[PDB]
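Colleague: Quick one, what's the 3D model for this:
(2 chains, ligands or ions: 7)
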Amino acid sequence: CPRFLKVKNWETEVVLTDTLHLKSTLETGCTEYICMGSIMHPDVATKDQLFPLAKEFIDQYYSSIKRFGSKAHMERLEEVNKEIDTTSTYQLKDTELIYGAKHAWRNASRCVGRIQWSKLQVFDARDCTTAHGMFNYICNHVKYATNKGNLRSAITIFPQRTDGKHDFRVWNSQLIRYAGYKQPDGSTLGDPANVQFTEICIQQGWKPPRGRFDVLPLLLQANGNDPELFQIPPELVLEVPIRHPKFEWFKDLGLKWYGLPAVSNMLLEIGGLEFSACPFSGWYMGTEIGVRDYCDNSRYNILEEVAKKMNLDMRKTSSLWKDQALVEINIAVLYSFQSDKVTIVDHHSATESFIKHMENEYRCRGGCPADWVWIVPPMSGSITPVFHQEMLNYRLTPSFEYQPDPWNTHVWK
Amino acid sequence: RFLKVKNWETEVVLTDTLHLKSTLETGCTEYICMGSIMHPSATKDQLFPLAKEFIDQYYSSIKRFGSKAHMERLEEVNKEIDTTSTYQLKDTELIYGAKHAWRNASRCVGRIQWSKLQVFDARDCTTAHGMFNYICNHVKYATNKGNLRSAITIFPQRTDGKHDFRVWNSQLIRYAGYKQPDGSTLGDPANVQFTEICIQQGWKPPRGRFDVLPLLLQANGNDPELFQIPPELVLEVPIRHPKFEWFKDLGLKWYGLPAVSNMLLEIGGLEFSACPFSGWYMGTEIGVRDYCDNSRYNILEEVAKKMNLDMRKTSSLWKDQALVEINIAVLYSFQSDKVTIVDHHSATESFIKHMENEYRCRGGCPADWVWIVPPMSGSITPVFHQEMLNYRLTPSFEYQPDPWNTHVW
Ligand code: HEM
Ligand code: HEM
Ligand SMILES: Cc1cc(N)nc(CCc2cc(CCCN(C)C)cc(C(F)(F)F)c2)c1
Ligand SMILES: Cc1cc(N)nc(CCc2cc(CCCN(C)C)cc(C(F)(F)F)c2)c1
Ligand SMILES: C[C@H](O)[C@H](O)[C@H]1CNc2nc(N)[nH]c(=O)c2N1
Ligand SMILES: C[C@H](O)[C@H](O)[C@H]1CNc2nc(N)[nH]c(=O)c2N1
Ligand SMILES: [Zn+2]
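Modeller: Numbers count the residues shown, from 1 in each chain, chains lettered A, B, ... in the order given. Ligands and ions are numbered 1, 2, ... in the order given. Shown next is the protein structure:
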């Protein structure tokens, strides 16, 4: 590969030079003949697979603290090598775990919020042994991150994978989500995205309220055991009722959403170690709720109901009634969160901050992998600065990865 | 391998076999994706295999592969490359090649129309006056009093690279842009440079906001020449809004005919450095990009003011509001004037339908998600949720350098 790749911003003419791509470790899925950039998704490490992965990471950590080649560096390398040799794995030091998590975020090409990457509270839950313990750790995480509406980004890291039959998993895809219920008539109550998981919960013993916004229980797997159900204490779940600054009828739609976005189904990979349970949370960009959660056809799908209330002509698509309603919905979301003092960021501010971040990273780090398809917001793309920004996408490690859904793999005891 | 693309809204899965037919590179590697880079990255010996490949797929498409006509054509092209260092396409081949360049254009959301393309053969042209005549005929045919019709005019192919035909304008119809003493820009900033070249070559600029530029036409490698397109051929739409009666007072207009004139058509090794082609607008091209890009007409503030919007915080989404109203005005104006235009909802729906057709009858459809998804309201259009595979098939339209960075006078 060429040593220097250039990216241009077509609005500012600013040109940046990427050297960081040379540290790329995993594959994108693209080839020289085909690009898979819009594709959503394109038994453990053996001793020999693990050695060079650990060393690569340890080298990187010690390079970051400006102690590369030091005695402490050679010693740590030696101790890790010993541990892999005699146990087929190793344990990260707390300092290394913290560095790794922060860098997994820093390296997450799909995330527009990375300007905040170095402010991440890391909760070390590697001593956890049971589902009840996992629940305690998750409650503490939710309460800390929620902070009464002044959200703080955080991750909780449960024990790494060993042989693959003792995995810790949060079965939920997010810590906080609403239930979806398929009706006999084929309609759906609640959030259609969560129907499958909701059914699993009901089968596991959950008694569902069968409402539009029922917070799902946590379904927690510790040490490869069958997963267990827990109800998040409702006082720990911050929610925001959605109203509009101009339209007084908006609150009559009875919408609300939860304050804390917390992904709980990804795998954190550090130095060849695999943490299959690492729920992390930040705060929302408005469009995630206002465009995707509310206006996607396969989600709450409210555009029509809002358009009717707006008295829009909905006979021709060229009236742009969908676009008009979409903006008002997103206005309402931003206004409801700001009024209730729950942290949220609009897509203009988030994308402008991301460009600033990206430029700093090109300066200090030699690049910043970014997935344009994901970085550009789902509405009003070209009036945000990221639309005009060329981006190089590549996979650095440590990283957050996708993993199969646990019910597809779990060996029921 | 066979590749699957999923639509995450409909759960429809399609299988791509067509990508196996490509030979040209995308720029990505196994480790770096360049999907959002705008521009990533003959001889007798290079020429014949490219000719062969092209002749072969032409004859495979009329179901006469390995026929006498096919055999003779391969022989005929062989002889001609050997004797003359190039070859000439039959008319049937020229038409097939141009339609297929469009069909293969991964960045075009308009391809459901690909096989309805009026092809004008201008390969007998020798002078800039000849070019002007061909271009005027194109513009008149394609404009059709508002009932727009897709067309392409093809001028002589490249020979030695010293005798190129080029249309210097980036589009056939575009508005001039002027640098002001006060540092700002009058008209369209995208064309400031081109405008200065016209002025420097003798164009007398009216210095308005929407002055149609002259054509600058280069024939057979010679210095380009200026021509004014007869005004009765230039269809324009005054932009007004269906509810905001103050909108027409913004003095906005645009032309009806989008006609890209700066691209290179490649067919079977032959390069056509002048092939202006035209269709009709998708509304967002004008209403979002031309009017609202910071580096273009940049009218959001002005509109937002007239709507009395709170402009202090970005979180009031005042920009988004102004953007939607502008695009409503553009659609309404073109529709009221009976000038062909498509909204991004209709155009993207048609593209999904087109993708389904292509997968069925052709085994795939190369598409660039970065370009196909509209510059506003992305995820409320079906293409946002549509996985797409991007790859390069030939014949194709390609970028080429601006003529003024290469031309010696
Ligand atoms: C602090 C405020 C944050 C904001 C505003 C933010 C914003 C976003 C947005 C808008 C997306 C795309 C979401 C989607 O459309 O599904 C995203 C994705 C992502 N974020 Fe961030 N994020 C934040 C915090 C975090 C944190 C704390 C982490 C990890 C420590 C993180 C890691 C990721 C990852 C891995 C993705 C890709 C998710 C996927 O592929 O499904 N983000 N972020
Ligand atoms: C007939 C109706 C048509 C519609 C609605 C349409 C729509 C579009 C749009 C929206 C784009 C993206 C434009 C941009 O963002 O700059 C585009 C690009 C493109 N179109 Fe189409 N188009 C049409 C006709 C045609 C025709 C007739 C041809 C050629 C024969 C063509 C070939 C191309 C090519 C090569 C591009 C890529 C331009 C570039 O890479 O800069 N299109 N089209
Ligand atoms: C930490 C964090 C902060 C932030 N602002 N956003 C995120 C992304 C979370 C997210 C997940 C998901 C996945 C849910 C649906 N599948 C399970 C089917 C969706 C969204 C959404 F829809 F974009 F808002 C957002 C994560
Ligand atoms: C044939 C055709 C039909 C159609 N509807 N659209 C096109 C693309 C035309 C087009 C060109 C260009 C290039 C001019 C700007 N640069 C010089 C900075 C831009 C756009 C737009 F508006 F940005 F989408 C659209 C071509
Ligand atoms: C098909 C396409 O890749 C898919 O719909 C992507 C597009 N861009 C996205 N961008 C974000 N932020 N989130 C998403 O879920 C998606 N979905
Ligand atoms: C950097 C990025 O590739 C560039 O801004 C692209 C994004 N998508 C686009 N999409 C279309 N249709 N037209 C464009 O000019 C662009 N510009
Ligand atoms: Zn790629």
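Colleague: if I pick residue A:126, what's in contact with it?
Modeller: A:91, A:97, A:157, A:158, A:159, A:160 (C-beta atoms under 8 Å, 6 or more residues apart in numbering or on different chains). Just so you know, the C-beta spots here come from the backbone N, C-alpha and C atoms, and that holds for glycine as well.
Colleague: Kindly recompute the last result at 10 Å.
Modeller: Taking C-beta atoms under 10 Å, 6 or more residues apart in numbering or on different chains as the criterion, residue A:126 is in contact with A:91, A:92, A:94, A:97, A:157, A:158, A:159, A:160, A:168, A:275.
Colleague: you'd agree it is in a strand?
Modeller: No: applying DSSP: H, G, I helix; E, B strand; the rest coil, one finds residue A:126 to be coil, outside a strand.
Colleague: So it versus ligand 3, what's the distance?
Modeller: Look at residue A:126 and ligand 3: by C-beta to the nearest ligand atom, to the nearest Å, they are 21 Å apart.
Colleague: Residue A:99 now?
Modeller: From residue A:99 to ligand 3 the distance is 19 Å (C-beta to the nearest ligand atom).
Colleague: related to what we said a few turns ago, most neighbours among the contacts of residue A:126, which one?
Modeller: residue A:158 (29 neighbours; other C-beta atoms under 10 Å in any protein chain shown).
Colleague: and that one, what is it in contact with?
Modeller: For residue A:158, the contacting residues are A:123-129, A:133-134, A:137-138, A:167-170, A:220-223, A:268, A:275-279, by C-beta under 10 Å, 6+ apart.
Colleague: ok, now residue A:233?
Modeller: A:139, A:142, A:143.
Colleague: Quick one, which of the residues you listed are buried?
Modeller: Among the contacts of residue A:233, the ones that count as buried by 16 or more other C-beta atoms under 10 Å in any protein chain shown are A:139, A:142.
Colleague: now, which of the contacts of residue A:233 sits nearest chain B?
Modeller: Nearest to chain B among the contacts of residue A:233: residue A:142, at 25.7 Å, using C-beta to the nearest C-beta.
Colleague: Can you pull the phi and psi angles for the residue nearest the centre of chain A?
Modeller: In chain A, the centroid-proximal residue (C-alpha atoms, centre = their mean) is residue A:263; its distance is 4.7 Å. With angles defined as degrees, to the nearest 10, residue A:263 sits at phi -80, psi 130.
Colleague: hey, what's it bridged with?
Modeller: Beta-bridge pairing of residue A:263, defined through DSSP bridges, involves residue A:174, residue A:280.
Colleague: Go ahead and confirm it touches residue A:174.
Modeller: Yes: under the contact definition of C-beta atoms under 10 Å, residue A:263 touches residue A:174, with a separation of 5.9 Å.
Colleague: which neighbours do the two share?
Modeller: A:279, A:281.
Colleague: Which residue ranges of the stretch 151-300 of chain A form strands?
Modeller: A:154-157, A:169-170, A:180-182, A:188-190, A:218-221, A:228-230, A:239-241, A:256-258, A:262-263, A:267-270, A:273-275, A:280-281, A:284-285 (DSSP state E, counting those that start in this stretch).
Colleague: Save those strands as CSV, and put in distance to ligand 4 too.
Modeller: Below are those laid out as CSV (distance: least, C-beta to the nearest ligand atom, whole Å):
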stretch, distance to ligand 4
strand A:154-157, 41
strand A:169-170, 44
strand A:180-182, 38
strand A:188-190, 38
strand A:218-221, 47
strand A:228-230, 52
strand A:239-241, 37
strand A:256-258, 34
strand A:262-263, 35
strand A:267-270, 40
strand A:273-275, 44
strand A:280-281, 38
strand A:284-285, 26
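Colleague: Of all these, which one is nearest residue A:355?
Modeller: Relative to residue A:355, the nearest member of the strands of the stretch 151-300 of chain A by C-beta to C-beta is strand A:284-285, separated by 14.6 Å.
Colleague: and the closest one, what does it pack onto?
Modeller: Helices and strands touching strand A:284-285, as assessed by 3 or more C-beta pairs under 10 Å, 6 or more residues apart in numbering or on different chains; DSSP states H and E, comprise helix A:321-339, strand A:344-345, helix A:347-364.
Colleague: what's the neighbour count on the closest residue to ligand 2 within the stretch 151-300 of chain A?
Modeller: Ligand 2 sits closest to residue A:291 of the stretch 151-300 of chain A, with a gap of 21.3 Å, by C-beta to the nearest ligand atom. For residue A:291, the tally of surrounding residues (other C-beta under 10 Å) stands at 27.
Colleague: Please apply the same query to residue A:76.
Modeller: For residue A:76, using other C-beta under 10 Å, the count is 19.
Colleague: try residue A:252
Modeller: 10.
Colleague: Pretty sure it sits against residue A:241.
Modeller: No: using C-beta under 10 Å, residue A:252 is not in contact with residue A:241; the gap is 11.1 Å.
Colleague: So residue A:348 is in contact with residue A:384, correct?
Modeller: Yes: taking C-beta under 10 Å as the definition, residue A:348 is a contact partner of residue A:384 at 6.2 Å.
Colleague: shared neighbours of the two, anything?
Modeller: Common neighbours of residue A:348 and residue A:384 are listed as A:377, B:319 (criterion: C-beta under 10 Å, 6+ apart).
Colleague: mind listing what residue A:266 touches?
Modeller: Per C-beta under 10 Å, 6+ apart, neighbours of residue A:266: A:104, A:108, A:170, A:173, A:275-280, A:399-403.
Colleague: what about the nearest residue to the residue of the stretch 151-300 of chain A closest to ligand 2 once chain neighbours are set aside, which SS state?
Modeller: Excluding its sequence neighbours, the residue lying closest to residue A:291 (C-beta to C-beta, 6 or more residues apart in numbering or on different chains) is residue A:378, at 4.4 Å. Following three-state DSSP, the label given to residue A:378 is coil.
Colleague: Then residue A:108?
Modeller: Going by three-state DSSP: residue A:108 is coil.
Colleague: Contact partners for the nearest residue to it once chain neighbours are set aside?
Modeller: Excluding its sequence neighbours, the residue lying closest to residue A:108 (C-beta to C-beta, 6+ apart) is residue A:400, at 5.6 Å. Neighbour list for residue A:400: A:101, A:104-105, A:107-108, A:110-111, A:155, A:263, A:266-269, A:275, A:278, A:280 [criterion: C-beta under 10 Å, 6+ apart].
Colleague: Of the residues you listed, which is the nearest to ligand 6?
Modeller: residue A:110 (16.3 Å).
Colleague: What separation is there between the residue of chain A at minimum distance from ligand 2 and ligand 6?
Modeller: Closest contact between chain A and ligand 2, by C-beta to the nearest ligand atom, is at residue A:382 (9.3 Å). Between residue A:382 and ligand 6 the distance is 7 Å, computed by C-beta to the nearest ligand atom.
Colleague: and residue A:232, how many residues sit next to it?
Modeller: 17.
Colleague: Could you do residue A:58 as well?
Modeller: By the criterion of other C-beta under 10 Å, residue A:58 has 21 neighbours.
Colleague: what's the helix or strand for it?
Modeller: Using DSSP states H and E, residue A:58 sits within helix A:47-64.
Colleague: That helix and chain B in contact?
Modeller: No: judged by C-beta under 10 Å from any C-beta of the partner chain, helix A:47-64 stays clear of chain B, getting no closer than 15.2 Å.
Colleague: Would you mark the buried spots in that helix?
Modeller: Neighbour counts over helix A:47-64 (16+ other C-beta under 10 Å) mark A:50, A:51, A:53, A:54, A:55, A:57, A:58, A:59, A:60, A:61, A:62 as buried.
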